[PDB]
file upload_3.cif (mmCIF, C-alpha atoms and all ligand atoms)
data_input
loop_
_atom_site.label_atom_id
_atom_site.label_comp_id
_atom_site.auth_asym_id
_atom_site.auth_seq_id
_atom_site.Cartn_x
_atom_site.Cartn_y
_atom_site.Cartn_z
CA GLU A 23 -16.39 -12.75 -14.28
CA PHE A 24 -13.39 -12.87 -16.77
CA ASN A 25 -10.56 -11.06 -14.90
CA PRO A 26 -7.61 -10.35 -17.25
CA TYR A 27 -5.47 -9.04 -14.30
CA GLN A 28 -5.73 -12.38 -12.43
CA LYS A 29 -2.31 -13.84 -11.49
CA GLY A 30 -0.90 -16.49 -9.14
CA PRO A 31 -2.71 -19.47 -7.64
CA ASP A 32 -5.80 -19.32 -5.37
CA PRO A 33 -4.63 -17.66 -2.14
CA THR A 34 -4.07 -19.50 1.16
CA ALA A 35 -3.40 -17.77 4.51
CA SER A 36 0.04 -19.51 4.68
CA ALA A 37 1.04 -18.38 1.11
CA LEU A 38 0.05 -14.73 1.84
CA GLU A 39 2.11 -14.73 5.10
CA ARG A 40 5.42 -15.11 3.17
CA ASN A 41 7.26 -14.10 -0.04
CA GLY A 42 4.96 -14.87 -2.98
CA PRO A 43 5.22 -17.23 -5.94
CA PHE A 44 6.81 -14.62 -8.29
CA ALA A 45 10.62 -14.51 -8.57
CA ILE A 46 11.62 -10.79 -8.25
CA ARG A 47 14.67 -8.60 -8.92
CA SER A 48 15.40 -5.17 -7.40
CA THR A 49 17.40 -2.25 -8.82
CA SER A 50 17.84 1.22 -7.31
CA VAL A 51 16.64 4.39 -9.08
CA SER A 52 19.33 7.12 -8.70
CA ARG A 53 18.19 10.51 -7.32
CA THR A 54 20.14 12.01 -10.31
CA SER A 55 18.11 9.99 -12.95
CA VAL A 56 14.67 11.40 -11.87
CA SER A 57 12.95 14.66 -11.04
CA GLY A 58 9.55 14.47 -9.30
CA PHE A 59 11.00 12.32 -6.43
CA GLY A 60 14.27 11.36 -4.71
CA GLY A 61 14.85 8.01 -6.49
CA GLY A 62 14.27 4.80 -4.49
CA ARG A 63 14.17 1.00 -4.80
CA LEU A 64 12.33 -0.84 -7.62
CA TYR A 65 11.07 -4.45 -7.17
CA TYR A 66 9.51 -6.36 -10.10
CA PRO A 67 8.49 -9.91 -11.10
CA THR A 68 10.93 -11.46 -13.67
CA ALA A 69 7.99 -13.50 -15.19
CA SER A 70 6.68 -11.87 -18.46
CA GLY A 71 3.36 -10.03 -18.05
CA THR A 72 2.12 -6.59 -17.00
CA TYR A 73 1.46 -5.96 -13.31
CA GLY A 74 -0.16 -3.23 -11.26
CA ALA A 75 2.20 -0.39 -10.31
CA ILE A 76 2.59 0.51 -6.59
CA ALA A 77 4.52 3.54 -5.24
CA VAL A 78 5.28 3.49 -1.44
CA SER A 79 6.41 6.62 0.54
CA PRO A 80 8.29 6.65 3.87
CA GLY A 81 7.38 9.38 6.43
CA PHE A 82 9.28 12.46 7.87
CA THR A 83 13.09 11.75 7.78
CA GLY A 84 12.18 8.25 6.45
CA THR A 85 14.22 6.40 3.74
CA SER A 86 13.14 3.76 1.17
CA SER A 87 15.40 1.27 3.07
CA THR A 88 12.82 1.17 5.97
CA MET A 89 10.00 -0.15 3.69
CA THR A 90 11.89 -2.70 1.46
CA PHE A 91 9.69 -5.35 3.16
CA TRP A 92 6.72 -3.81 1.26
CA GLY A 93 8.72 -3.82 -2.03
CA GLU A 94 9.70 -7.49 -1.76
CA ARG A 95 6.49 -8.87 -0.17
CA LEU A 96 4.15 -7.07 -2.69
CA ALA A 97 6.36 -7.58 -5.81
CA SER A 98 6.72 -11.36 -5.02
CA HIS A 99 2.82 -11.63 -5.15
CA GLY A 100 2.81 -10.07 -8.66
CA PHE A 101 3.25 -6.27 -8.65
CA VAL A 102 5.82 -3.68 -9.75
CA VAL A 103 6.67 -1.72 -6.57
CA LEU A 104 8.70 1.48 -6.25
CA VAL A 105 9.58 2.39 -2.60
CA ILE A 106 10.56 6.07 -3.02
CA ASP A 107 13.05 8.37 -1.33
CA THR A 108 11.74 11.96 -1.05
CA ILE A 109 13.33 15.09 -2.64
CA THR A 110 14.12 16.07 1.03
CA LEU A 111 13.74 14.14 4.32
CA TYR A 112 11.55 17.13 5.44
CA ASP A 113 8.85 16.95 2.68
CA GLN A 114 5.25 17.35 3.99
CA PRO A 115 2.38 15.02 2.91
CA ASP A 116 1.13 17.20 -0.09
CA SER A 117 4.74 16.97 -1.39
CA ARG A 118 4.93 13.14 -0.73
CA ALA A 119 1.57 12.99 -2.67
CA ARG A 120 3.21 14.71 -5.74
CA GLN A 121 6.29 12.43 -5.48
CA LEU A 122 4.14 9.24 -5.37
CA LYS A 123 2.24 10.56 -8.46
CA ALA A 124 5.59 11.25 -10.25
CA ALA A 125 7.09 7.83 -9.24
CA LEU A 126 4.00 6.13 -10.76
CA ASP A 127 4.48 8.37 -13.88
CA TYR A 128 8.16 7.20 -13.93
CA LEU A 129 7.15 3.48 -13.87
CA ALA A 130 4.80 4.15 -16.87
CA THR A 131 7.74 5.81 -18.80
CA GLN A 132 10.27 3.03 -17.97
CA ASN A 133 7.62 0.52 -19.15
CA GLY A 134 8.22 1.74 -22.77
CA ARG A 135 12.10 1.83 -22.51
CA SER A 136 13.67 -1.43 -23.95
CA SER A 137 16.73 -0.72 -21.69
CA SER A 138 14.55 -0.80 -18.47
CA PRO A 139 14.36 -3.90 -16.25
CA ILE A 140 10.55 -3.15 -16.14
CA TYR A 141 10.16 -2.82 -19.94
CA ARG A 142 6.58 -4.08 -20.65
CA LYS A 143 6.00 -5.14 -16.98
CA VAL A 144 3.73 -2.18 -16.02
CA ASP A 145 -0.01 -1.89 -16.67
CA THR A 146 -0.13 1.95 -16.76
CA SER A 147 -3.93 1.89 -16.07
CA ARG A 148 -3.62 0.03 -12.67
CA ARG A 149 -1.82 2.15 -10.04
CA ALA A 150 -1.83 2.14 -6.22
CA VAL A 151 -0.08 4.03 -3.40
CA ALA A 152 0.96 3.30 0.19
CA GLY A 153 3.10 5.02 2.81
CA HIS A 154 4.14 5.36 6.44
CA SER A 155 3.05 8.32 8.57
CA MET A 156 3.36 11.59 6.53
CA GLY A 157 3.85 9.11 3.61
CA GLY A 158 0.49 7.53 4.58
CA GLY A 159 -1.22 10.96 4.45
CA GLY A 160 0.66 11.55 1.18
CA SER A 161 -0.67 8.24 -0.20
CA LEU A 162 -4.32 9.19 0.69
CA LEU A 163 -3.84 12.75 -0.75
CA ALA A 164 -2.45 11.23 -4.00
CA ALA A 165 -5.47 8.85 -4.07
CA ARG A 166 -7.87 11.86 -3.57
CA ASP A 167 -6.12 13.89 -6.33
CA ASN A 168 -5.79 10.83 -8.68
CA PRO A 169 -9.14 9.00 -8.42
CA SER A 170 -8.12 6.67 -11.34
CA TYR A 171 -5.78 5.00 -8.75
CA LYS A 172 -7.05 1.53 -7.80
CA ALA A 173 -5.93 1.38 -4.09
CA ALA A 174 -4.34 3.25 -1.15
CA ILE A 175 -2.74 1.79 2.03
CA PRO A 176 -1.86 4.59 4.49
CA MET A 177 0.18 3.00 7.34
CA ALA A 178 0.14 4.89 10.70
CA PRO A 179 -0.87 8.14 8.97
CA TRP A 180 0.25 11.41 10.70
CA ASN A 181 -2.13 14.42 11.30
CA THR A 182 -3.13 15.68 7.84
CA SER A 183 -6.68 16.86 8.82
CA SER A 184 -9.24 14.00 8.33
CA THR A 185 -11.37 16.74 6.64
CA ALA A 186 -8.96 16.56 3.61
CA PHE A 187 -10.14 12.95 2.86
CA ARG A 188 -13.97 13.37 2.81
CA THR A 189 -14.02 12.89 -1.05
CA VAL A 190 -11.65 9.87 -1.32
CA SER A 191 -13.19 7.44 -3.85
CA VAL A 192 -10.12 5.08 -3.99
CA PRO A 193 -10.42 1.83 -1.98
CA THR A 194 -8.40 2.53 1.22
CA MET A 195 -7.00 0.07 3.78
CA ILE A 196 -5.50 1.90 6.81
CA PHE A 197 -2.98 0.20 9.15
CA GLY A 198 -2.85 1.49 12.75
CA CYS A 199 -0.30 0.77 15.50
CA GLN A 200 -2.32 0.72 18.78
CA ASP A 201 0.40 2.26 21.06
CA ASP A 202 1.64 4.75 18.43
CA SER A 203 2.71 7.87 20.41
CA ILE A 204 3.87 9.83 17.27
CA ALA A 205 0.50 9.50 15.42
CA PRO A 206 -1.98 8.17 18.03
CA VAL A 207 -4.55 5.95 16.21
CA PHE A 208 -7.52 7.48 18.15
CA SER A 209 -6.82 11.11 16.93
CA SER A 210 -4.95 10.33 13.60
CA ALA A 211 -5.67 7.00 11.78
CA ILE A 212 -9.27 6.44 13.04
CA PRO A 213 -10.70 9.92 12.22
CA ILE A 214 -9.11 9.58 8.70
CA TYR A 215 -10.84 6.15 8.33
CA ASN A 216 -14.19 7.74 9.45
CA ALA A 217 -13.78 10.78 7.08
CA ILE A 218 -13.64 8.48 3.97
CA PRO A 219 -17.00 8.20 2.15
CA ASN A 220 -18.87 5.03 3.19
CA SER A 221 -19.42 4.21 -0.55
CA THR A 222 -15.55 3.88 -0.79
CA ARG A 223 -14.43 0.26 -0.11
CA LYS A 224 -12.42 0.78 3.12
CA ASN A 225 -10.85 -1.09 6.04
CA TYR A 226 -8.92 -0.27 9.25
CA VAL A 227 -6.74 -2.90 11.01
CA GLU A 228 -4.98 -1.85 14.24
CA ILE A 229 -1.96 -3.86 15.49
CA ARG A 230 -2.22 -4.39 19.30
CA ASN A 231 0.60 -3.48 21.70
CA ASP A 232 3.03 -1.93 19.20
CA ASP A 233 4.35 1.53 18.24
CA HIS A 234 4.50 3.94 15.22
CA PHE A 235 7.05 1.68 13.42
CA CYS A 236 4.96 -1.58 13.75
CA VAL A 237 4.36 -1.37 9.92
CA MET A 238 8.09 -0.95 8.90
CA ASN A 239 11.04 -3.34 8.28
CA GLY A 240 11.32 -5.53 11.41
CA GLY A 241 8.04 -4.23 12.93
CA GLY A 242 7.20 -7.85 13.98
CA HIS A 243 3.96 -8.22 11.88
CA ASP A 244 5.32 -9.27 8.41
CA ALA A 245 2.89 -12.28 8.18
CA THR A 246 -0.39 -10.46 9.02
CA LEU A 247 0.26 -6.94 7.57
CA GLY A 248 1.82 -8.46 4.41
CA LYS A 249 -1.20 -10.79 3.99
CA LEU A 250 -3.59 -7.81 4.44
CA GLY A 251 -1.54 -5.55 2.06
CA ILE A 252 -1.14 -8.23 -0.63
CA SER A 253 -4.93 -8.94 -0.34
CA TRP A 254 -5.91 -5.23 -0.58
CA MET A 255 -3.72 -4.71 -3.71
CA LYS A 256 -4.81 -8.03 -5.28
CA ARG A 257 -8.50 -7.19 -4.55
CA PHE A 258 -8.50 -3.62 -6.00
CA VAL A 259 -5.37 -3.28 -8.24
CA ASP A 260 -6.02 -6.70 -9.92
CA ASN A 261 -9.87 -6.71 -9.30
CA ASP A 262 -9.11 -10.25 -7.95
CA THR A 263 -12.11 -11.16 -5.73
CA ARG A 264 -10.35 -14.42 -4.71
CA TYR A 265 -8.78 -12.05 -2.04
CA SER A 266 -12.19 -10.95 -0.54
CA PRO A 267 -12.02 -13.63 2.21
CA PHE A 268 -8.67 -12.03 3.39
CA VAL A 269 -10.14 -8.47 3.77
CA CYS A 270 -13.87 -9.24 4.52
CA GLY A 271 -14.46 -13.01 5.13
CA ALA A 272 -13.20 -15.97 7.18
CA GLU A 273 -9.44 -15.24 6.91
CA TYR A 274 -9.90 -11.50 7.72
CA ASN A 275 -12.04 -12.53 10.76
CA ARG A 276 -9.24 -14.94 11.85
CA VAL A 277 -6.78 -11.99 11.82
CA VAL A 278 -9.08 -9.33 13.28
CA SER A 279 -10.37 -11.52 16.20
CA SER A 280 -6.76 -12.61 16.91
CA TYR A 281 -4.67 -11.30 19.86
CA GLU A 282 -2.44 -9.53 17.25
CA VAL A 283 -5.30 -7.01 16.49
CA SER A 284 -6.80 -4.38 18.90
CA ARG A 285 -9.29 -2.71 16.43
CA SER A 286 -10.97 -3.47 13.07
CA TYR A 287 -13.40 -1.35 10.96
CA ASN A 288 -14.74 -1.88 7.41
CA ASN A 289 -17.85 -1.46 5.18
CA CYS A 290 -17.65 -5.16 4.14
CA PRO A 291 -18.81 -7.06 2.24
CA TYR A 292 -16.76 -6.39 -0.95
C1 LIG A 301 -20.85 6.40 7.46
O1 LIG A 301 -20.90 5.15 8.16
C2 LIG A 301 -20.70 5.31 9.55
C3 LIG A 301 -20.39 3.94 10.15
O2 LIG A 301 -21.49 3.04 10.06
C4 LIG A 301 -21.96 6.00 10.05
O3 LIG A 301 -21.72 6.29 11.42
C5 LIG A 301 -22.20 7.33 9.31
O4 LIG A 301 -23.48 7.87 9.58
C6 LIG A 301 -22.09 7.21 7.80
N1 LIG A 301 -22.08 8.52 7.13
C7 LIG A 301 -23.11 8.98 6.40
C8 LIG A 301 -22.92 10.32 5.74
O5 LIG A 301 -24.17 8.36 6.25
CA CA A 302 7.15 -4.08 16.88
#

call {"tool": "encode", "arguments": {"input": "upload_3.cif", "output": "structure tokens"}}
result
Amino acid sequence: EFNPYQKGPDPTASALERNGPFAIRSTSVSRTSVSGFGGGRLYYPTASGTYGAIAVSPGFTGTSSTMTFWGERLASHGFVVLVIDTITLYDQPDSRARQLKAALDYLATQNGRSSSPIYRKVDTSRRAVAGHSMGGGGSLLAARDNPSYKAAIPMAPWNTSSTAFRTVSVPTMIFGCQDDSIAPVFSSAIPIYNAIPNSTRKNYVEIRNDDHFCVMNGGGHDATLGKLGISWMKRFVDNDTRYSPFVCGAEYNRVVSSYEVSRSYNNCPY
């Protein structure tokens, strides 16, 4: 009933469909300054406090630039977000899983460095992952291999075998793009959703009439996907149950019965 991780005002649909109440800054993380991952783009609230840490991976030949929406939209709702670049454009999901792990390790280190823009902004104990395509698989692999992680949002996950995810205990929200021809939802995203233990808080939202890149910068679903992603991270990274209506109740139903959505699965309520 006391939630120490609680931040921002009581959520409204309209507030969650746009940049949040937290002023943010971004800096880049040079490839040369890190091993474990290929650098990337760091977004953080300027307000004093410690926030959940979120690492986001692009997919095959993907760059951090294509997911800056996720950096800005999540950070502005009260998170520290690192959208990574990979060691190589050709890294497979198991590799993207290690890099997400290492990027989260990096944020924890920088959190103790008085020179860092994120000095004392990172709650080391509250970590989440997300990613596009092979980055989505990577995010679910990292969540499997780091069960202390609070949340995973695989977005249009590629074809890591759904078998690999039968022991995921980390609350997982999967985005699908209905007319994805690169990672068809019916053979890729949906079997992964179904492979996750039913005791694991989970959710699948499928964007109607859109392709593999419907979740990326300019995909055309900033309002709805952002609102779902913010709500998933708030719910599980911040244990903020004010966000339940947006993933399980009235405001989720609004979204998931809307023309924008072609499929919806979940083990609600939570
Ligand atoms: C998991 O839940 C699904 C969806 O309701 C159900 O089909 C399946 O039997 C459940 N799995 C187990 C192991 O009970
Ligand atoms: Ca689109």

call {"tool": "closest_residue", "arguments": {"input": "upload_3.cif", "among": "A:27, A:141, A:274, A:92", "to": "residue 261 of chain A", "atoms": "only C-alpha atoms"}}
result
A:27

call {"tool": "closest_atom_pairs", "arguments": {"input": "upload_3.cif", "of": "chain A", "to": "ligand LIG 301 (chain A)", "cutoff": "8 Å", "atoms": "only C-alpha atoms and all ligand atoms", "output": "JSON lines"}}
result
{"residue": "A:216", "atom": "CA", "partner": "A:LIG301", "partner_atom": "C2", "distance": 6.9}
{"residue": "A:219", "atom": "CA", "partner": "A:LIG301", "partner_atom": "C1", "distance": 6.8}
{"residue": "A:220", "atom": "CA", "partner": "A:LIG301", "partner_atom": "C1", "distance": 4.9}
{"residue": "A:289", "atom": "CA", "partner": "A:LIG301", "partner_atom": "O2", "distance": 7.6}

call {"tool": "write_last_selection", "arguments": {"input": "upload_3.cif", "atoms": "C-alpha atoms", "output": "mmCIF file, in the coordinates of the input"}}
result
data_model
loop_
_atom_site.group_PDB
_atom_site.id
_atom_site.type_symbol
_atom_site.label_atom_id
_atom_site.label_comp_id
_atom_site.auth_asym_id
_atom_site.auth_seq_id
_atom_site.Cartn_x
_atom_site.Cartn_y
_atom_site.Cartn_z
ATOM 1 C CA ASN A 216 -14.190 7.740 9.450
ATOM 2 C CA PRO A 219 -17.000 8.200 2.150
ATOM 3 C CA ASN A 220 -18.870 5.030 3.190
ATOM 4 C CA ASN A 289 -17.850 -1.460 5.180
#

call {"tool": "residues_near_ligand", "arguments": {"input": "upload_3.cif", "ligand": "ligand CA 302 (chain A)", "cutoff": "12 Å", "atoms": "all atoms listed in the file", "output": "number ranges by chain"}}
result
A: 199-202, 229-244, 247, 282

call {"tool": "closest_residue", "arguments": {"input": "upload_3.cif", "among": "A:98, A:209, A:86, A:191", "to": "residue 51 of chain A", "atoms": "only C-alpha atoms"}}
result
A:86

call {"tool": "residues_around", "arguments": {"input": "upload_3.cif", "residues": "segment 108-119 of chain A", "least_positions_apart": "4", "cutoff": "7 Å", "atoms": "only C-alpha atoms", "output": "NGL selection string"}}
result
:A and (59-60 or 79 or 82-84 or 123 or 156-157 or 159-161 or 163-164)

call {"tool": "closest_residue", "arguments": {"input": "upload_3.cif", "among": "A:34, A:221, A:48, A:263", "to": "residue 138 of chain A", "atoms": "only C-alpha atoms"}}
result
A:48

call {"tool": "residues_around", "arguments": {"input": "upload_3.cif", "residues": "residue 292 of chain A", "least_positions_apart": "6", "cutoff": "8 Å", "atoms": "all atoms listed in the file", "output": "VMD selection string"}}
result
chain A and resid 223 266 270

call {"tool": "closest_residue", "arguments": {"input": "upload_3.cif", "among": "A:89, A:283, A:195, A:37", "to": "residue 64 of chain A", "atoms": "only C-alpha atoms"}}
result
A:89

call {"tool": "axis_aligned_box", "arguments": {"input": "upload_3.cif", "around": "segment 132-143 of chain A", "padding_each_side": "5 Å", "output": "JSON"}}
result
{"center_x": 11.4, "center_y": -1.1, "center_z": -20.0, "size_x": 20.7, "size_y": 18.2, "size_z": 17.8}

call {"tool": "residues_near_point", "arguments": {"input": "upload_3.cif", "point": "(-5.2, -14.0, 10.3)", "cutoff": "12 Å", "atoms": "all atoms listed in the file", "output": "PyMOL selection string"}}
result
chain A and resi 34-39+227+229+243-250+253+267-283

call {"tool": "residues_around", "arguments": {"input": "upload_3.cif", "residues": "residue 165 of chain A", "least_positions_apart": "4", "cutoff": "7 Å", "atoms": "all atoms listed in the file", "output": "PyMOL selection string"}}
result
chain A and resi 161+169+171+174+190+192

call {"tool": "atom_distance", "arguments": {"input": "upload_3.cif", "atom1": "atom CA of residue 186 of chain A", "atom2": "atom CA of residue 62 of chain A"}}
result
27.3 Å

call {"tool": "residues_around", "arguments": {"input": "upload_3.cif", "residues": "residue 28 of chain A", "least_positions_apart": "6", "cutoff": "12 Å", "atoms": "only C-alpha atoms", "output": "MDAnalysis selection string"}}
result
chainID A and resid 71:74 99:101 255:265

call {"tool": "residues_around", "arguments": {"input": "upload_3.cif", "residues": "residue 45 of chain A", "least_positions_apart": "3", "cutoff": "8 Å", "atoms": "all atoms listed in the file", "output": "PDB file with C-alpha atoms, in the coordinates of the input"}}
result
ATOM      1  CA  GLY A  42       4.960 -14.870  -2.980  1.00  0.00           C
ATOM      2  CA  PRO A  67       8.490  -9.910 -11.100  1.00  0.00           C
ATOM      3  CA  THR A  68      10.930 -11.460 -13.670  1.00  0.00           C
ATOM      4  CA  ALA A  69       7.990 -13.500 -15.190  1.00  0.00           C
ATOM      5  CA  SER A  98       6.720 -11.360  -5.020  1.00  0.00           C
TER       6      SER A  98
END

call {"tool": "closest_residue", "arguments": {"input": "upload_3.cif", "among": "A:290, A:124, A:76, A:56", "to": "residue 173 of chain A", "atoms": "all atoms listed in the file"}}
result
A:76

call {"tool": "residues_near_point", "arguments": {"input": "upload_3.cif", "point": "(-12.7, 15.0, 10.0)", "cutoff": "9 Å", "atoms": "only C-alpha atoms", "output": "JSON, numbers by chain"}}
result
{"A": [183, 184, 185, 186, 187, 188, 213, 214, 216, 217, 218]}

call {"tool": "build_atoms", "arguments": {"input": "upload_3.cif", "residues": "segment 65-78 of chain A", "atoms": "N, CA, C and O atoms", "output": "PDB file, keeping the file's coordinate frame"}}
result
ATOM      1  N   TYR A  65      11.241  -2.983  -7.237  1.00  0.00           N
ATOM      2  CA  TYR A  65      11.070  -4.450  -7.170  1.00  0.00           C
ATOM      3  C   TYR A  65      10.090  -4.841  -8.263  1.00  0.00           C
ATOM      4  O   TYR A  65       9.061  -4.181  -8.405  1.00  0.00           O
ATOM      5  N   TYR A  66      10.350  -5.925  -8.963  1.00  0.00           N
ATOM      6  CA  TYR A  66       9.510  -6.360 -10.100  1.00  0.00           C
ATOM      7  C   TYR A  66       9.569  -7.874 -10.237  1.00  0.00           C
ATOM      8  O   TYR A  66      10.586  -8.496  -9.920  1.00  0.00           O
ATOM      9  N   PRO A  67       8.469  -8.508 -10.700  1.00  0.00           N
ATOM     10  CA  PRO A  67       8.490  -9.910 -11.100  1.00  0.00           C
ATOM     11  C   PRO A  67       9.365 -10.057 -12.356  1.00  0.00           C
ATOM     12  O   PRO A  67       9.296  -9.175 -13.224  1.00  0.00           O
ATOM     13  N   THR A  68      10.151 -11.129 -12.447  1.00  0.00           N
ATOM     14  CA  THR A  68      10.930 -11.460 -13.670  1.00  0.00           C
ATOM     15  C   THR A  68      10.012 -12.155 -14.692  1.00  0.00           C
ATOM     16  O   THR A  68      10.314 -12.056 -15.902  1.00  0.00           O
ATOM     17  N   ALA A  69       8.949 -12.853 -14.254  1.00  0.00           N
ATOM     18  CA  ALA A  69       7.990 -13.500 -15.190  1.00  0.00           C
ATOM     19  C   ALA A  69       7.396 -12.449 -16.143  1.00  0.00           C
ATOM     20  O   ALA A  69       7.053 -11.337 -15.684  1.00  0.00           O
ATOM     21  N   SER A  70       7.283 -12.768 -17.436  1.00  0.00           N
ATOM     22  CA  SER A  70       6.680 -11.870 -18.460  1.00  0.00           C
ATOM     23  C   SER A  70       5.208 -11.650 -18.121  1.00  0.00           C
ATOM     24  O   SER A  70       4.567 -12.566 -17.640  1.00  0.00           O
ATOM     25  N   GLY A  71       4.699 -10.477 -18.426  1.00  0.00           N
ATOM     26  CA  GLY A  71       3.360 -10.030 -18.050  1.00  0.00           C
ATOM     27  C   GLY A  71       3.391  -8.570 -17.681  1.00  0.00           C
ATOM     28  O   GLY A  71       4.470  -8.018 -17.526  1.00  0.00           O
ATOM     29  N   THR A  72       2.224  -7.954 -17.549  1.00  0.00           N
ATOM     30  CA  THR A  72       2.120  -6.590 -17.000  1.00  0.00           C
ATOM     31  C   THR A  72       1.403  -6.701 -15.652  1.00  0.00           C
ATOM     32  O   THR A  72       0.430  -7.514 -15.479  1.00  0.00           O
ATOM     33  N   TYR A  73       1.890  -5.897 -14.719  1.00  0.00           N
ATOM     34  CA  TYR A  73       1.460  -5.960 -13.310  1.00  0.00           C
ATOM     35  C   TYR A  73       0.977  -4.571 -12.949  1.00  0.00           C
ATOM     36  O   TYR A  73       1.344  -3.591 -13.616  1.00  0.00           O
ATOM     37  N   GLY A  74       0.186  -4.500 -11.893  1.00  0.00           N
ATOM     38  CA  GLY A  74      -0.160  -3.230 -11.260  1.00  0.00           C
ATOM     39  C   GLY A  74       1.091  -2.554 -10.767  1.00  0.00           C
ATOM     40  O   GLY A  74       2.055  -3.260 -10.406  1.00  0.00           O
ATOM     41  N   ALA A  75       1.065  -1.228 -10.723  1.00  0.00           N
ATOM     42  CA  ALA A  75       2.200  -0.390 -10.310  1.00  0.00           C
ATOM     43  C   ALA A  75       1.858   0.188  -8.942  1.00  0.00           C
ATOM     44  O   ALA A  75       0.749   0.705  -8.777  1.00  0.00           O
ATOM     45  N   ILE A  76       2.774   0.054  -7.988  1.00  0.00           N
ATOM     46  CA  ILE A  76       2.590   0.510  -6.590  1.00  0.00           C
ATOM     47  C   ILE A  76       3.778   1.384  -6.240  1.00  0.00           C
ATOM     48  O   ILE A  76       4.890   0.909  -6.394  1.00  0.00           O
ATOM     49  N   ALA A  77       3.517   2.601  -5.784  1.00  0.00           N
ATOM     50  CA  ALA A  77       4.520   3.540  -5.240  1.00  0.00           C
ATOM     51  C   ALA A  77       4.299   3.658  -3.730  1.00  0.00           C
ATOM     52  O   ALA A  77       3.160   3.778  -3.304  1.00  0.00           O
ATOM     53  N   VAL A  78       5.351   3.538  -2.937  1.00  0.00           N
ATOM     54  CA  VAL A  78       5.280   3.490  -1.440  1.00  0.00           C
ATOM     55  C   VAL A  78       6.167   4.600  -0.885  1.00  0.00           C
ATOM     56  O   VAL A  78       7.344   4.619  -1.262  1.00  0.00           O
TER      57      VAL A  78
END
